[PDB]
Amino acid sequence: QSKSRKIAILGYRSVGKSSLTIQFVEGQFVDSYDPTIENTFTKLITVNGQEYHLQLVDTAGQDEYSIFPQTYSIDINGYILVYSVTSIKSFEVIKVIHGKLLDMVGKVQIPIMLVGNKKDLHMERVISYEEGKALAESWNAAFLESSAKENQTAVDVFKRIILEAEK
């Protein structure tokens, strides 16, 4: 009765995919990483009395030139799409990523959510909250902003994708 879930985290490089994930899994914030390498963490969390066994696939960053498969993996239960609120490039990229992702998954009922990370960098913001929100809304996707410096916001992200998959 302990459920098993695999989540893939996608996004442009340096948006904080690894930082968010590491914050969630190990409760700490890093300043460095291995950018171009796929990393897969395991995490146990209880959500609403229900135990979940998480596999989190921290992917190598993608851009407009990254290859997306034409078919989906049945063993992946949700997708977290991450951009940085400090990078317009990361934001335009996340739209391309989403579009190719939709090509891959088709109409299958596997949730995809949108996360604008680095909300703590107040003075470097180039993407408004509204733009992220309305993008997500246009995808019928959940939206959150986050800071890998703030454990609760990282928790909220992974908690939310699990809640979407359970719908």
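Start at 1 with the first residue shown and count on from there.
Looking at 3 to 11 and 158 to 166 together, the entry lists the larger mean B-factor for 158 to 166, computed on C-alpha atoms.
Between 116 to 124 and 34 to 42, the higher mean Cα B-factor belongs to 34 to 42. Take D103, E137, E131, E64 and read off each C-alpha B-factor from the entry; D103 has the highest. Per the deposited record, the Cα B-factor of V85 falls in the lowest third when ranked against the other modelled residues of its chain.
When all modelled residues of the chain are sorted by CA temperature factor, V93 is found within the lowest third.
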